[PDB]
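Worksheet: the structure to be examined is printed underneath.
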Amino acid sequence: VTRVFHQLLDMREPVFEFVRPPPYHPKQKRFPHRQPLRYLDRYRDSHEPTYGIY
Amino acid sequence: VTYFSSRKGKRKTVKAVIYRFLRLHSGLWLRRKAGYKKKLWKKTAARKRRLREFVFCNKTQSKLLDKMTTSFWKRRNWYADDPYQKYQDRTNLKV
Amino acid sequence: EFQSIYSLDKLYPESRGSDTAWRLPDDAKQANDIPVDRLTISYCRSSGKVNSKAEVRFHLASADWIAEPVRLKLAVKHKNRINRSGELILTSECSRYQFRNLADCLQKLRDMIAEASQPXXXXXXXXXXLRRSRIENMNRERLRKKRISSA
Amino acid sequence: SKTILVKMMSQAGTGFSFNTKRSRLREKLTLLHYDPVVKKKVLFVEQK
Amino acid sequence: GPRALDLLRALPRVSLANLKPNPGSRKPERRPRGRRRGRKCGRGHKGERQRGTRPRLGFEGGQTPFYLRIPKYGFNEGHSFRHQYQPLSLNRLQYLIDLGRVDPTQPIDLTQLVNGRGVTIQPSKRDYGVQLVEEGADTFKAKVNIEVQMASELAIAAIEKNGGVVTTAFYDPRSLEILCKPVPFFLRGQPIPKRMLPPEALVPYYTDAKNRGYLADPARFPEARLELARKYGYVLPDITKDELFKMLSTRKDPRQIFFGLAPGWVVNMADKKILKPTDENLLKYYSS
RNA sequence: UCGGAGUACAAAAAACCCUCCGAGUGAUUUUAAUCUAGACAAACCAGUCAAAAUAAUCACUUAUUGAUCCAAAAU
Ligand SMILES: [Mg+2]
Ligand SMILES: [Mg+2]
Ligand SMILES: [Mg+2]
Ligand SMILES: [Mg+2]
Ligand SMILES: [Mg+2]
Ligand SMILES: [Mg+2]
Ligand SMILES: [Mg+2]
Ligand SMILES: [Mg+2]
């Protein structure tokens with residue numbers, strides 16, 4: 001099929017993926033009660049230490 | 001709590017708070033779950049998991065704890081290697 | 001002009017001069033894998049989750065720094081990511097600093113050239129994800145097996 | 001009758017399991033269990 | 001300017017006679033008098049509270065107190081002796097050179113970072129210095145000589161790419177103090193002591209060209225450093241050929257606190273005069 | 001102190017020196033693992049389920065049990 005789009009239709013080759021919806025997490029609580037520590041990493045934006053003013 | 005010391009006039013701290021908790025800089029207080037070293041064989045693997053955890057304390061408990069704790073444990077801390085430094089800030093919190 | 005008994009000269013007498021640690025041994029590393037002056041290295045900086053796409057591009061046929069066996073065997077296993085114009089496209093995503101994405105891509109590259117320059121690569125195939133492919137291959141093979149000369 | 005606690009020892013290394021044996025001894029204690037270090041199924045032997 | 005000014009021509013003198021503090025500045029105290037706030041004065045009725053004795057804070061009314069049911073744990077364990085390193089982002093660094101607080105021209109160690117008020121060190125609090133992070137990694141355009149107590153790979157990288165030299169140097173509690181607020185140490189008027197060697201556990205960190213440790217063998221400096229470039233993919237500049245070379249080269253003794261001075265000395269800042277010992281035992285002491 | 005029924009007729013909860021039954025463990029083999037979404041319940045403490053990710057049954061089954069600290073043990 002790769003030969004087709006290059007040779008035949010003068011086209012670039014579309015590639016696709018399968019995307020399942022990002023998992024559902026409840027509205028974050030100011031004081032998570034009785035929760036595993038890792039609770040915090042659930043709502044983590046991305047993984048990187050971010051030193052705001054430092 | 002000792003709200004005024006004898007010799008310094010300052011506000012003392014409870015030590016037995018400190019030995020068993022940890023304060024993040026967000027204000028979240030962290031603790032062990034009680035009885036985790038206690039009667040293991042008698043317990044289901046599930047429970048054992050639930051116990052070996054570290055957990056968070058609700059607002060009431062936290063405020064309480066703060067009162068028994070001076071400034072010095074509320075200060076910001078950068079430890080080399082700190083397992084918990086990853087955790088200290090709040091992210092994406094919209095209230 | 002101070003010196004103490006513990007100074008860097010007195011501990012390490014062999015190397016002395018202030019310009020000693022600043023030598024650049026270009027003779028030590030002569031190989032220069034992946035000549036970054038010949039790559040088109042593009043950045044997609046996405047800010048919002050903060051991530052910077054790092055993209056590595058060069059012509060497979062026009063790249064001399066890899067030998068012909070290595071140059072042709074890379075068009076084999078990696079043929080999925082290759083482009084209609086002959087370019088080999090490498091992508092990294094994760095780190096918000098684009099430096100670690102540079103290192104990521106240059107390392108996926110070093111990996112590809114390392115594995116393809118190993119004739120000892122046997123391309124081990126797992127049966128867990130491909131059992132469906134083998135069994136559907138054979139089950140379309142029983143019907144492909146009908147023999148009549150056509151056209 | 002009684003409830004005994006016995007400490008079961010792995011073949012390989014310091015990995016331990018901890019469990020109770022019956023005082024009448026209907027089935028004496030040796031197990032096929034999980035050892036963490038080498039990620040394996042082994043015979044845990046009854047010990048103290 | 002402030003047309004408010006021209007409103008004051010109109011009005012009578014500003015004097016003591018007429019002064020109002022900003023509304024809502026004083027939130028007025030009330031006193032338990034009168035019909036409203038007298039009579040039990042918000043102390044409630046009888047019981048314990050009305051008599052002012054209610055029990056201490058951790059107390060649950062005898063049910064085993066919340067804070068006390070929970071088992072102890074290594075947490076704050078040895079918290080006093082765990083080293084701390086005040087972070088410095090590259091972004092903040094670029095900032096500080098940009099507004100010309102710390103100038104790249106002359107060498108940069110902690111002291112300079114301090115004087116630009118770019119960083120704050122409280123040595124008494126177990127702060128062992130400034131450490132480096134990668135935040136402005138891509139932002140960073142400056143050619144600089146930096147000496148820190150700790151740094152991270154990516155950071156070292158981002159300075160290399162621009163052609164500066166980073167050295168990891170250690171300071172003990174005392175010497176670190178002397179470092180940060182040096183003028184008040186001089187006004188203490190005590191000699192300038194020897195520098196400690198890092199403790200045993202720290203030794204391996206400072207002996208690696210990996211970190212460009214100040215106690216490491218310079219023979220590996222050109223090696224591991226060049227290595228840094230192949231990993232991060234850039235052309236390594238030739239520092240020996242540069243004009244600013246002799247500043248970038250500039251090092252300290254492992255025994256030296258400052259730049260240009262030596263253990264044993266004494267500074268008289270009134271006479272603007274340095275004093276060095278001519279006695280032998282002293283020189284053997286402070287030069288060892 | 002813990003659990004079943006009534007009191008409490010249909011989501012939940014619900015007292016009594018109220019009515020009636022039980023528990024402070026047996027019996028085995030198949031030794032019932034790590035790790036984590038989401039939940040129930042709940043003043044707190046404790047209690048419960050649990051997908052994906054890597055390699056326990058039967059006795060009405062529900063009850064078979066105690067937190068810190070402190071001691072003894074080794075990994
Ligand atoms: Mg016993
Ligand atoms: Mg009143
Ligand atoms: Mg009264
Ligand atoms: Mg009363
Ligand atoms: Mg500080
Ligand atoms: Mg009913
Ligand atoms: Mg609820
Ligand atoms: Mg499963």
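If you're wondering about the labels, chains in the structure tokens are A, B, ... by order shown, residues count from 1 in each chain, ligands from 1 in order shown.
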Give the residues close to ligand 2, within 12 Å, counting only C-alpha atoms (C1' of nucleotides) and all ligand atoms; write them as a list in words.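 My answer, listing the contacting residues, is residues 32, 33, 34, 35, 36, 37, 38, 39, 40, 41, 42, 43, 44 and 45 of chain E.
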| request: Kindly work out which residues sit at most 10 Å from ligand 1, using only C-alpha atoms (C1' of nucleotides) and all ligand atoms, and give the list as a PyMOL selection string. | output: (chain B and resi 39) or (chain D and resi 2-6+20)
Written file, previous selection with C-alpha atoms, as a PDB file, in the first residue's frame:
```pdb
ATOM      1  CA  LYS B  39      -0.817  -9.012  63.691  1.00  0.00           C
TER       2      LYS B  39
ATOM      3  CA  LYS D   2      -3.794 -24.533  69.750  1.00  0.00           C
ATOM      4  CA  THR D   3      -2.716 -22.080  67.042  1.00  0.00           C
ATOM      5  CA  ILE D   4       1.049 -21.991  66.316  1.00  0.00           C
ATOM      6  CA  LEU D   5       2.937 -19.241  64.464  1.00  0.00           C
ATOM      7  CA  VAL D   6       5.779 -20.424  62.238  1.00  0.00           C
ATOM      8  CA  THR D  20       0.096 -20.131  61.285  1.00  0.00           C
TER       9      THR D  20
END
```
Where does DSSP see alpha helix (DSSP H) in chain A, if you list the residues as a compact mmCIF listing (two decimals) with C-alpha atoms, in the first residue's frame?
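The file below, states21.txt, is the result:
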```
# COMPACT_ATOMS: atom_id res chain seq x y z
CA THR A 2 2.94 2.35 0.66
CA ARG A 3 3.77 2.10 -3.04
CA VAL A 4 0.31 3.38 -3.92
CA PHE A 5 0.18 6.89 -2.45
CA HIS A 6 3.75 7.67 -3.52
CA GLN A 7 3.44 6.16 -7.01
CA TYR A 39 -3.20 10.57 44.74
CA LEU A 40 -1.21 13.69 44.09
CA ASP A 41 0.32 12.34 40.90
CA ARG A 42 -3.08 11.63 39.50
```
- Message: Distance limit 12 Å, reference ligand 4, atoms considered: only C-alpha atoms (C1' of nucleotides) and all ligand atoms. Which residues make the cut? Give them as a list in words.
- Response: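 Those residues are residues 44, 45, 46, 47, 48, 49, 50 and 51 of chain E.
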Emit the selected residues as a PDB file, in the first residue's frame, including C-alpha atoms.
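File written: selection10.pdb
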```
ATOM      1  CA  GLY E  44     -21.370  30.356  76.858  1.00  0.00           C
ATOM      2  CA  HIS E  45     -23.194  28.858  79.821  1.00  0.00           C
ATOM      3  CA  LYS E  46     -21.541  27.174  82.746  1.00  0.00           C
ATOM      4  CA  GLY E  47     -19.806  23.937  81.890  1.00  0.00           C
ATOM      5  CA  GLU E  48     -16.046  24.031  81.405  1.00  0.00           C
ATOM      6  CA  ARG E  49     -15.659  26.747  78.850  1.00  0.00           C
ATOM      7  CA  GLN E  50     -17.390  29.375  80.911  1.00  0.00           C
ATOM      8  CA  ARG E  51     -14.862  28.821  83.573  1.00  0.00           C
TER       9      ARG E  51
END
```
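For ligand 6, the neighbouring polymer residues at 12 Å or closer are residues 5, 6, 7, 8, 9, 10, 11 and 12 of chain F, only C-alpha atoms (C1' of nucleotides) and all ligand atoms being used.
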message: Could you work out which residues of chain D fall inside 8 Å of chain F? Count only C-alpha atoms (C1' of nucleotides), and format the result as a PyMOL selection string.
response: chain D and resi 14+31-34+39
Go ahead and dump the residues you just picked, C-alpha atoms, as a short mmCIF file (atom, residue, chain, number, x, y, z; two decimals), in the first residue's frame.
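Result saved to out26.cif:
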```cif
data_model
loop_
_atom_site.label_atom_id
_atom_site.label_comp_id
_atom_site.auth_asym_id
_atom_site.auth_seq_id
_atom_site.Cartn_x
_atom_site.Cartn_y
_atom_site.Cartn_z
CA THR D 14 16.46 -13.63 52.81
CA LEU D 31 4.57 -24.44 50.68
CA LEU D 32 4.90 -23.48 47.05
CA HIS D 33 4.93 -19.70 47.31
CA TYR D 34 6.11 -16.42 45.81
CA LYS D 39 10.45 -13.36 40.90
#
```
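Of the residues listed (E:202, E:196, E:239, E:156), E:202 shows the shortest atom-to-atom separation from chain B; distances use only C-alpha atoms.
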(Q) For ligand 5, return the neighbouring residues as a list in words (distance at most 9 Å; only C-alpha atoms (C1' of nucleotides) and all ligand atoms). (A) residues 75, 76, 77 and 78 of chain B; 84, 85, 86, 119, 120, 121, 122, 125 and 127 of chain E
Query raised in the report: What's the 10 Å shell around residue C:11, counting only C-alpha atoms (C1' of nucleotides), without same-chain residues fewer than 6 positions away, as a VMD selection string?
Result: (chain C and resid 5) or (chain E and resid 215 to 217)
Between F:44, F:70, F:58, F:49, which one has atoms that come closest to chain E, using only C-alpha atoms (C1' of nucleotides)?
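Among F:44, F:70, F:58, F:49, it is F:44 that comes nearest to chain E.
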Using only C-alpha atoms (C1' of nucleotides) and all ligand atoms, find each residue with an atom at most 12 Å away from ligand 7 and format the answer as a PDB file with C-alpha atoms (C1' of nucleotides), in the first residue's frame.
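Listing of part_1.pdb after writing:
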```pdb
ATOM      1  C1'   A F  12     -30.393   3.972  54.189  1.00  0.00           C
ATOM      2  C1'   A F  39     -15.839   3.313  44.771  1.00  0.00           C
ATOM      3  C1'   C F  40     -18.756   1.924  49.582  1.00  0.00           C
ATOM      4  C1'   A F  41     -18.767   3.314  54.466  1.00  0.00           C
ATOM      5  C1'   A F  42     -17.526   6.673  57.880  1.00  0.00           C
TER       6        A F  42
END
```
Which of E:192, E:17, E:130, E:108 sits closest to chain A [using only C-alpha atoms]:
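Once distances to chain A are computed over only C-alpha atoms, the minimum belongs to E:130.
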Within 10 Å of chain E: residues of chain C, using only C-alpha atoms, as a short mmCIF file (atom, residue, chain, number, x, y, z; two decimals) with N, CA and C atoms, in the first residue's frame:
```
data_model
loop_
_atom_site.label_atom_id
_atom_site.label_comp_id
_atom_site.auth_asym_id
_atom_site.auth_seq_id
_atom_site.Cartn_x
_atom_site.Cartn_y
_atom_site.Cartn_z
N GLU C 1 49.07 34.31 44.32
CA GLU C 1 49.66 33.05 43.87
C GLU C 1 49.71 32.03 45.01
N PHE C 2 48.55 31.70 45.55
CA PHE C 2 48.46 30.75 46.67
C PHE C 2 48.45 29.30 46.20
N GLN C 3 49.03 28.45 47.04
CA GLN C 3 48.89 27.00 46.94
C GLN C 3 48.83 26.41 48.35
N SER C 4 48.02 25.37 48.51
CA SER C 4 47.94 24.64 49.76
C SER C 4 48.37 23.22 49.47
N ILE C 5 48.73 22.47 50.51
CA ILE C 5 49.18 21.09 50.33
C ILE C 5 48.10 20.24 49.64
N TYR C 6 46.85 20.67 49.76
CA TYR C 6 45.74 19.91 49.21
C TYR C 6 45.34 20.32 47.80
N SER C 7 46.11 21.19 47.16
CA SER C 7 45.68 21.76 45.89
C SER C 7 45.67 20.74 44.75
N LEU C 8 45.18 21.16 43.59
CA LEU C 8 44.91 20.23 42.50
C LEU C 8 46.20 19.80 41.83
N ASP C 9 47.22 20.65 41.94
CA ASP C 9 48.54 20.33 41.42
C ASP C 9 49.23 19.27 42.28
N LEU C 11 47.94 17.11 44.49
CA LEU C 11 47.25 15.82 44.46
C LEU C 11 47.48 15.08 43.15
N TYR C 12 47.32 15.83 42.06
CA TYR C 12 47.44 15.31 40.70
C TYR C 12 48.57 16.02 39.97
N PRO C 13 49.81 15.57 40.19
CA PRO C 13 51.06 16.18 39.69
C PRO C 13 51.27 16.01 38.18
N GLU C 14 50.68 14.95 37.63
CA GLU C 14 50.85 14.63 36.23
C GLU C 14 50.32 15.76 35.35
N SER C 15 49.04 16.06 35.53
CA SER C 15 48.40 17.18 34.84
C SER C 15 48.52 18.43 35.70
N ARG C 16 49.04 19.51 35.13
CA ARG C 16 49.35 20.69 35.93
C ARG C 16 48.76 22.01 35.41
N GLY C 17 49.14 22.42 34.20
CA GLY C 17 48.80 23.74 33.69
C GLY C 17 47.32 24.13 33.71
N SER C 18 47.05 25.43 33.76
CA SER C 18 45.67 25.95 33.81
C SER C 18 44.89 25.60 32.55
N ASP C 19 45.61 25.36 31.46
CA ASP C 19 45.02 24.97 30.18
C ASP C 19 44.98 23.45 29.95
N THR C 20 45.36 22.67 30.97
CA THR C 20 45.42 21.21 30.86
C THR C 20 44.05 20.54 30.77
N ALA C 21 43.12 20.96 31.61
CA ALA C 21 41.78 20.38 31.63
C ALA C 21 40.92 20.85 30.46
N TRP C 22 41.41 21.84 29.72
CA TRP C 22 40.69 22.42 28.58
C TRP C 22 41.12 21.92 27.22
N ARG C 23 42.05 20.97 27.20
CA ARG C 23 42.41 20.29 25.97
C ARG C 23 41.16 19.69 25.37
N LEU C 24 41.08 19.65 24.05
CA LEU C 24 39.98 18.95 23.42
C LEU C 24 40.56 17.80 22.61
N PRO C 25 40.40 16.56 23.10
CA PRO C 25 40.96 15.41 22.39
C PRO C 25 40.08 14.95 21.24
N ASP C 26 40.18 15.62 20.09
CA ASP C 26 39.43 15.23 18.88
C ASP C 26 39.98 13.93 18.29
N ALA C 28 40.89 11.43 20.35
CA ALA C 28 40.30 10.41 21.22
C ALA C 28 39.01 9.86 20.60
N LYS C 29 38.09 10.75 20.21
CA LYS C 29 36.90 10.31 19.48
C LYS C 29 36.94 10.79 18.03
N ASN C 32 32.62 10.20 15.28
CA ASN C 32 31.53 11.18 15.10
C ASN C 32 30.28 10.59 14.46
N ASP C 33 29.64 9.68 15.18
CA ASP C 33 28.35 9.15 14.77
C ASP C 33 27.35 10.30 14.69
N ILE C 34 26.45 10.24 13.71
CA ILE C 34 25.38 11.22 13.58
C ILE C 34 25.87 12.68 13.54
N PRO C 35 26.39 13.12 12.37
CA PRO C 35 26.95 14.46 12.16
C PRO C 35 25.87 15.53 12.12
N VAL C 36 25.53 16.05 13.29
CA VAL C 36 24.39 16.94 13.51
C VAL C 36 24.31 18.17 12.57
N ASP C 37 25.42 18.50 11.91
CA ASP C 37 25.42 19.57 10.91
C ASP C 37 24.71 19.16 9.61
N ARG C 96 9.79 18.56 28.74
CA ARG C 96 9.44 19.91 28.33
C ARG C 96 10.68 20.68 27.86
N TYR C 97 11.85 20.28 28.34
CA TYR C 97 13.10 20.82 27.82
C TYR C 97 13.44 20.06 26.55
N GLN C 98 13.70 20.78 25.47
CA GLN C 98 13.89 20.14 24.18
C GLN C 98 15.27 19.46 24.07
N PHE C 99 16.13 19.70 25.06
CA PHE C 99 17.46 19.07 25.10
C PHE C 99 17.41 17.56 25.30
N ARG C 100 16.59 17.14 26.26
CA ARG C 100 16.39 15.73 26.54
C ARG C 100 15.66 15.05 25.39
N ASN C 101 14.96 15.84 24.58
CA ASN C 101 14.31 15.34 23.38
C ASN C 101 15.31 15.17 22.24
N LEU C 102 16.27 16.08 22.17
CA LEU C 102 17.42 15.94 21.28
C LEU C 102 18.16 14.64 21.61
N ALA C 103 18.49 14.46 22.89
CA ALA C 103 19.21 13.27 23.35
C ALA C 103 18.38 12.01 23.12
N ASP C 104 17.08 12.12 23.34
CA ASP C 104 16.15 11.02 23.08
C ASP C 104 16.24 10.57 21.63
N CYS C 105 16.09 11.52 20.72
CA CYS C 105 16.08 11.22 19.29
C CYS C 105 17.43 10.72 18.80
N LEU C 106 18.50 11.39 19.21
CA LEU C 106 19.85 10.99 18.84
C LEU C 106 20.15 9.60 19.39
N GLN C 107 19.51 9.25 20.50
CA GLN C 107 19.67 7.92 21.07
C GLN C 107 18.80 6.85 20.41
#
```
